[PDB]
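Next comes structure.cif, a file with mmCIF, C-alpha atoms.
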```cif
data_protein
loop_
_atom_site.label_atom_id
_atom_site.label_comp_id
_atom_site.auth_asym_id
_atom_site.auth_seq_id
_atom_site.Cartn_x
_atom_site.Cartn_y
_atom_site.Cartn_z
CA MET A 1 -9.75 -4.48 11.00
CA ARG A 2 -7.76 -2.06 8.86
CA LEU A 3 -6.39 -4.34 6.12
CA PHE A 4 -8.78 -6.12 3.74
CA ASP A 5 -8.24 -8.64 0.90
CA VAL A 6 -9.17 -7.74 -2.68
CA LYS A 7 -10.33 -10.87 -4.50
CA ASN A 8 -11.13 -12.05 -8.00
CA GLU A 9 -14.09 -14.34 -8.88
CA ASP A 10 -12.47 -17.55 -7.66
CA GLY A 11 -11.82 -16.00 -4.24
CA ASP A 12 -8.11 -15.60 -4.92
CA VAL A 13 -6.49 -12.67 -3.10
CA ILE A 14 -5.06 -10.39 -5.80
CA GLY A 15 -4.24 -7.35 -3.69
CA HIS A 16 -5.18 -5.44 -0.54
CA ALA A 17 -7.13 -2.40 0.52
CA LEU A 18 -6.38 -0.48 3.73
CA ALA A 19 -8.19 1.83 6.12
CA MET A 20 -6.05 4.94 6.71
CA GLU A 21 -6.74 8.54 7.71
CA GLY A 22 -10.52 8.39 7.19
CA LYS A 23 -10.26 6.66 3.83
CA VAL A 24 -10.18 3.16 2.37
CA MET A 25 -7.36 2.98 -0.22
CA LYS A 26 -6.28 0.38 -2.82
CA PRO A 27 -3.98 0.20 -5.87
CA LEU A 28 -6.01 1.18 -8.93
CA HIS A 29 -4.39 -1.58 -11.01
CA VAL A 30 -5.90 -4.27 -8.77
CA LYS A 31 -9.28 -5.02 -10.44
CA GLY A 32 -11.16 -7.08 -7.91
CA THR A 33 -13.68 -6.79 -5.11
CA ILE A 34 -12.72 -5.76 -1.58
CA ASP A 35 -13.73 -8.61 0.76
CA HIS A 36 -16.02 -6.45 2.95
CA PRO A 37 -19.78 -5.80 2.51
CA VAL A 38 -19.52 -2.05 3.06
CA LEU A 39 -16.17 -1.18 1.52
CA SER A 40 -16.98 -3.02 -1.73
CA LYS A 41 -20.08 -0.83 -2.12
CA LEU A 42 -18.55 2.63 -1.63
CA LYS A 43 -17.88 5.16 -4.39
CA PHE A 44 -14.14 5.35 -5.18
CA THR A 45 -12.28 8.29 -6.62
CA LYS A 46 -9.53 7.16 -8.97
CA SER A 47 -6.09 8.69 -9.32
CA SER A 48 -4.28 6.90 -12.12
CA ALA A 49 -1.28 9.24 -11.77
CA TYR A 50 -0.47 7.50 -8.48
CA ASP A 51 -2.05 4.15 -9.31
CA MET A 52 -4.65 4.49 -6.65
CA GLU A 53 -8.25 4.93 -5.72
CA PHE A 54 -9.96 5.80 -2.45
CA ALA A 55 -13.37 6.26 -0.79
CA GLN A 56 -14.34 7.81 2.56
CA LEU A 57 -14.43 5.34 5.47
CA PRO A 58 -17.70 5.21 7.41
CA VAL A 59 -17.18 7.26 10.60
CA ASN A 60 -17.16 4.13 12.73
CA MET A 61 -14.14 2.55 11.06
CA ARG A 62 -12.14 5.76 11.60
CA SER A 63 -10.93 4.68 15.07
CA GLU A 64 -9.66 1.37 13.61
CA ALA A 65 -7.74 3.11 10.80
CA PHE A 66 -3.95 3.33 10.27
CA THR A 67 -2.16 6.66 10.75
CA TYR A 68 0.19 7.93 8.05
CA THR A 69 3.54 9.72 8.41
CA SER A 70 5.84 11.43 5.94
CA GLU A 71 8.72 10.76 8.35
CA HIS A 72 10.71 7.99 6.69
CA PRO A 73 14.37 8.34 7.66
CA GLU A 74 16.85 5.83 6.30
CA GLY A 75 16.80 2.49 8.09
CA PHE A 76 14.60 -0.56 8.41
CA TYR A 77 10.80 -0.80 8.36
CA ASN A 78 8.09 -3.44 8.79
CA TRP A 79 5.68 -5.18 6.46
CA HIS A 80 3.88 -8.52 6.23
CA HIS A 81 6.88 -10.44 4.95
CA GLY A 82 9.54 -9.07 7.30
CA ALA A 83 11.91 -6.15 7.04
CA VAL A 84 11.88 -3.43 4.42
CA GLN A 85 15.03 -1.34 4.00
CA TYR A 86 14.80 2.35 3.18
CA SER A 87 18.10 3.57 1.78
CA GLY A 88 19.09 6.08 -0.89
CA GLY A 89 15.54 6.92 -1.84
CA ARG A 90 14.66 3.24 -2.28
CA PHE A 91 12.57 0.74 -0.31
CA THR A 92 14.05 -2.77 -0.86
CA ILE A 93 13.29 -6.30 0.40
CA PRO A 94 15.15 -9.59 -0.13
CA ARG A 95 14.85 -11.29 -3.53
CA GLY A 96 12.14 -13.96 -3.70
CA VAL A 97 9.89 -12.46 -1.00
CA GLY A 98 7.35 -10.16 -2.65
CA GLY A 99 5.01 -11.03 -5.51
CA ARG A 100 1.58 -10.76 -7.09
CA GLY A 101 -0.97 -10.19 -4.39
CA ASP A 102 1.25 -7.97 -2.23
CA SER A 103 0.05 -4.70 -3.75
CA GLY A 104 -1.97 -2.68 -1.25
CA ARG A 105 0.15 -3.83 1.70
CA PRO A 106 1.55 -1.08 3.98
CA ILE A 107 5.13 -0.54 5.09
CA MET A 108 5.10 0.57 8.73
CA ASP A 109 7.52 2.15 11.18
CA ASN A 110 7.89 0.69 14.70
CA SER A 111 5.02 2.83 16.00
CA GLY A 112 2.67 1.08 13.57
CA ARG A 113 2.33 4.16 11.37
CA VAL A 114 2.22 3.67 7.62
CA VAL A 115 5.06 5.25 5.68
CA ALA A 116 4.28 3.74 2.24
CA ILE A 117 1.92 1.50 0.28
CA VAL A 118 3.32 -1.18 -1.97
CA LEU A 119 2.33 -1.27 -5.67
CA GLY A 120 4.85 -3.70 -7.07
CA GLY A 121 8.56 -4.20 -7.42
CA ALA A 122 11.56 -4.90 -9.56
CA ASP A 123 14.68 -6.93 -8.92
CA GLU A 124 17.67 -4.61 -8.65
CA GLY A 125 21.12 -5.81 -7.62
CA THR A 126 20.70 -8.79 -5.33
CA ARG A 127 17.47 -7.44 -3.81
CA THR A 128 14.06 -6.24 -5.00
CA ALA A 129 13.24 -2.53 -5.18
CA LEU A 130 9.60 -1.58 -4.44
CA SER A 131 7.28 0.68 -6.39
CA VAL A 132 5.41 2.65 -3.71
CA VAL A 133 3.05 5.49 -2.93
CA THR A 134 4.03 8.01 -0.22
CA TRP A 135 3.05 11.54 0.79
CA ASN A 136 5.76 14.14 1.63
CA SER A 137 5.74 16.70 4.43
CA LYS A 138 3.62 18.95 2.21
CA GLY A 139 0.91 16.29 1.87
CA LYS A 140 1.87 15.76 -1.77
CA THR A 141 1.33 12.25 -3.17
CA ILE A 142 4.41 10.64 -4.70
CA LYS A 143 4.53 7.41 -6.68
CA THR A 144 8.10 6.10 -6.80
CA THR A 145 8.73 3.36 -9.34
CA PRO A 146 11.88 1.36 -10.12
CA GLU A 147 12.42 0.63 -13.85
CA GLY A 148 10.81 -2.58 -15.07
CA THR A 149 8.48 -2.73 -12.10
CA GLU A 150 6.07 -5.63 -12.10
CA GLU A 151 2.61 -4.78 -10.78
CA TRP A 152 1.75 -6.91 -7.77
#
```
Can I see the file as structure tokens?
Amino acid sequence: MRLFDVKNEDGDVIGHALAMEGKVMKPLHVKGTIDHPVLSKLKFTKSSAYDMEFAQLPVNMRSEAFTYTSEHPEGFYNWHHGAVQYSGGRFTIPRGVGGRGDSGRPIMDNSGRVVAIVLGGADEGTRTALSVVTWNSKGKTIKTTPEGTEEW
């Protein structure tokens, strides 16, 4: 398992945490408990500048973890709800698809590698532009956020 639910007290899924490159990562804005006995007990380092927090995965979950890539050429990508378009510096999905609870979900290329983590989105034009976290070829973290983004 490399994707885990983040839940509130009533067991409602409010976001997601993911296992990637030796770390468990989740949007900082999602205040809930990761639905896993070990992951919910780890010490997380916060990074409010990129709306995220992480902890080191136990060595045994490392094999199960997602791989990340800075390679995100223009085109179409994959995510839980279908296709995600990457065009003109923007990841977009159809209107009426994403919403609260989808933060923490990865966007993946066809090889299954993660190219971005969803934080929220904003309706722009006839579609919805996504606020996301990525890392460039230099390993630099980048949070890209459309104006009037709603946290998911």
Can you measure CA of residue 44 in chain A to CA of residue 15 in chain A for me? One decimal in Å is fine.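 The value is 16.2 Å.
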Please evaluate the PyMOL selection byres ((chain A and resi 91) around 10) against the displayed coordinates and give the resulting residues as a ChimeraX atom specification. /A:74-77,84-90,92-93,107,116,118,121,128-132,144,146
The PyMOL selection byres ((chain A and resi 9) around 12) resolved against shown file, as an mmCIF file with C-alpha atoms, in the coordinates of the input:
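Listed below is the output, part_10.cif:
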```cif
data_model
loop_
_atom_site.group_PDB
_atom_site.id
_atom_site.type_symbol
_atom_site.label_atom_id
_atom_site.label_comp_id
_atom_site.auth_asym_id
_atom_site.auth_seq_id
_atom_site.Cartn_x
_atom_site.Cartn_y
_atom_site.Cartn_z
ATOM 1 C CA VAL A 6 -9.170 -7.740 -2.680
ATOM 2 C CA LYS A 7 -10.330 -10.870 -4.500
ATOM 3 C CA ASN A 8 -11.130 -12.050 -8.000
ATOM 4 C CA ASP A 10 -12.470 -17.550 -7.660
ATOM 5 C CA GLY A 11 -11.820 -16.000 -4.240
ATOM 6 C CA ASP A 12 -8.110 -15.600 -4.920
ATOM 7 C CA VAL A 13 -6.490 -12.670 -3.100
ATOM 8 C CA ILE A 14 -5.060 -10.390 -5.800
ATOM 9 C CA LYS A 31 -9.280 -5.020 -10.440
ATOM 10 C CA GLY A 32 -11.160 -7.080 -7.910
ATOM 11 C CA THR A 33 -13.680 -6.790 -5.110
ATOM 12 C CA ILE A 34 -12.720 -5.760 -1.580
ATOM 13 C CA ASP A 35 -13.730 -8.610 0.760
#
```
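Relative to CA of residue 50 in chain A, CA of residue 24 in chain A is found at 15.2 Å.
Between residue 19 in chain A and the residues A:82, A:37, A:98, A:106, the shortest atom-to-atom distance, using only C-alpha atoms, involves A:106.
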For CA of residue 110 in chain A and CA of residue 72 in chain A, quote the distance in Å rounded to one decimal.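 Distance between the two atoms: 11.2 Å.
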Starting from 8 Å padding per side, set up an axis-aligned box that covers all listed atoms of range 89-101 of chain A and hand over centre and edge lengths in Å, one decimal, as AutoDock Vina command-line options.
```
--center_x 7.3 --center_y -3.5 --center_z -3.3 --size_x 32.5 --size_y 36.9 --size_z 23.5
```
Considering all atoms listed in the file, return as an MDAnalysis selection string whatever protein or nucleic-acid residues lie within 12 Å of residue 39 in chain A, sequence-local ones (same chain, fewer than 4 positions apart) excluded. chainID A and resid 1:6 16:19 23:26 33:35 43:44 54:58 61
For the file shown, report as JSON, numbers by chain the outcome of the PyMOL selection byres ((chain A and resi 27) around 6) at residue level. {"A": [26, 28, 29, 30, 51, 52, 104]}
